[PDB]
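Take a look at this one chain, the form deposited in one PDB entry, written out in structure tokens.
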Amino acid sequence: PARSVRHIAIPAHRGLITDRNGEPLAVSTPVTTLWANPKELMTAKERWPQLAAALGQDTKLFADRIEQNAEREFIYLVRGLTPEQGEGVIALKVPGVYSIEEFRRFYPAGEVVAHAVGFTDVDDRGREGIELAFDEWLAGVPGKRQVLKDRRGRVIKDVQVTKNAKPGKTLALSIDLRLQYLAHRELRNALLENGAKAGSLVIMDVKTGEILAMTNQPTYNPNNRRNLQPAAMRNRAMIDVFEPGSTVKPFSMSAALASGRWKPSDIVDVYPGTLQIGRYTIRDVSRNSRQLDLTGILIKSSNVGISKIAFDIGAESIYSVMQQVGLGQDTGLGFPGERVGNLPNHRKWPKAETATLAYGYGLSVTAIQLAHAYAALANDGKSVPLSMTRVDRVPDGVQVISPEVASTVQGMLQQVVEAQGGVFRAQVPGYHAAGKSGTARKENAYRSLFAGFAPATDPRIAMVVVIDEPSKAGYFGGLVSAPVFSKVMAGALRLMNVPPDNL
């Protein structure tokens, strides 16, 4: 062709990601894709070796590259490059060589908030995390310019900007970067001190459904993905599922206290620390108990004790409460890869299955779902829908546990933390805190769990700590996960200026 008119799209400035307070988490930065028309390059061949030397490329490899695709009017010398480099090569004055301002994501907080934020690909398109989930919102409208081109394809003149580019829109996350840094630091230190393989920490606003912090280990630097494992990129809080074990006994207890058949001072005999359901044997971890009250059952995490309560009230009431607090249910966060886990239902709940559900096995949940459950319980039985985006207008919650029952369970979990034989390492200096330890087995390999909230008497914050496969001789949730809860809850309450309730 003697001439032709071609589409070139005006790229959009991709929307700024901030934290709830406007700290920048993902920032669109000027770069420049050095490109070339081979057809024009093919008539300045003595200029190539210098060009190559400034693209650092091998002289003969470069020249082979330009040769093979001589016909094409387009080739990328580099993708991205500062508006600095890009000029250093423009000032060469090589025929068929140009620079064109692009946008590249920078992530100022780096590894600290990688799983939540995720990242864009070579093309400034969301690929993981918030970047993908909210791509539409963040990506603007590419505009369009009609350009007249000579025989070779060199832009002679620009005819019209027919439709300008529209910038993408700012997104403010629920994340509080200050809590996120603290959670990140303490989860990393807890892994080191226990030689654990992995972990997750979630902090929630029990009043707004906002995720204030979501950190996992291992993590990666999104600014430098060069050499990086598939494992280190798992948002484990959202896309990994586990058996919550003893951390859902409190929901089994909500059911019990809602049935009308149980009150806290009621007694269950759990002797001799085991119980046969035909060929199946329920085993307590500790087996030096006969009579325990309902608080003791939680303090001892007695599987026998919670199974006998379950046989009494029925699996249906237990299933119903766990369903309503959202365990194994769709959170509606539309996070890429986000799991729903499994809350298995039954027409006929047999005995074995009644017991396993009640003591926290046979179901699988995310750390985010468990945090959300603990939020509902902390917010006086009222579940607010989860959000990763800042909540200005808090939606109506659903009352999923009676306020009075919620209040009783709150008081019992405060005792689990504060009473003799309790999870004393979960205590939070000059606050009342409430919560529940858990330990799962997966050749002994543990998952170590703590879920709780504070302040105990007027809750603000729900927190889950999950440490995968601690390596020292301590593996119990109350040993491994509780101290991280203590430290990160104490920090979060201070940072949000929450009044101490233990004076």
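The first residue of the shown sequence is 1; numbering continues from there. Each form is matched to the other, and the largest set of C-alpha atoms that superpose within 1.5 Å is called the rigid core.
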{"query": "Other entries modelling both neighbours but not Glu443, at least a third", "finding": "yes"}
{"query": "At least a third of the other entries leave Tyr475 unmodelled", "finding": "yes"}
{"query": "Gap size, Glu443 back to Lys442 (deposited sequence, no coordinates)", "finding": "4 to 9"}
{"query": "Of 444-452 and 31-39, the stretch whose C-alpha atoms average the higher B-factor in the entry", "finding": "31-39"}
{"query": "Selected stretch [higher average CA B-factor]: 145-153 or 255-263", "finding": "145-153"}
{"query": "Given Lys436, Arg47, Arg460, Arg65, the residue at which the Cα B factor reaches its maximum", "finding": "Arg65"}
{"query": "Residue of maximum C-alpha B factor among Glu186, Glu73, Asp240, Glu316, per deposited coordinates", "finding": "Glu73"}
{"query": "Lowest, middle or highest third - CA B-factor, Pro344", "finding": "middle"}
{"query": "CA B-factor ranking of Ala26, expressed as a third of its chain", "finding": "middle"}
{"query": "Third of the chain's Cα B-factor distribution that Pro429 belongs to, per the entry", "finding": "middle"}
{"query": "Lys382 - which third its CA temperature factor falls in, relative to the rest of the chain", "finding": "lowest"}
{"query": "Among modelled residues of the same chain, the CA temperature factor third for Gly209", "finding": "lowest"}
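In what follows, reference is made to the form deposited in another entry, a form of this protein that is not presented.
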{"property": "Displaced residue between this form and the one not shown, judged on C-alpha after the rigid core is fitted, out of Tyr271, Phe424, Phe74, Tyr280 (threshold 2 Å or more)", "result": "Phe74"}
{"property": "Large Cα shift (2 Å or above) at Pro403 between this form and the one not shown, core-fitted", "result": "no"}
{"property": "Core-aligned C-alpha movement of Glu338 between this form and the one not shown reaching 2 Å", "result": "no"}
{"property": "C-alpha of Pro95 moved at least 2 Å between this form and the one not shown on rigid core", "result": "yes"}
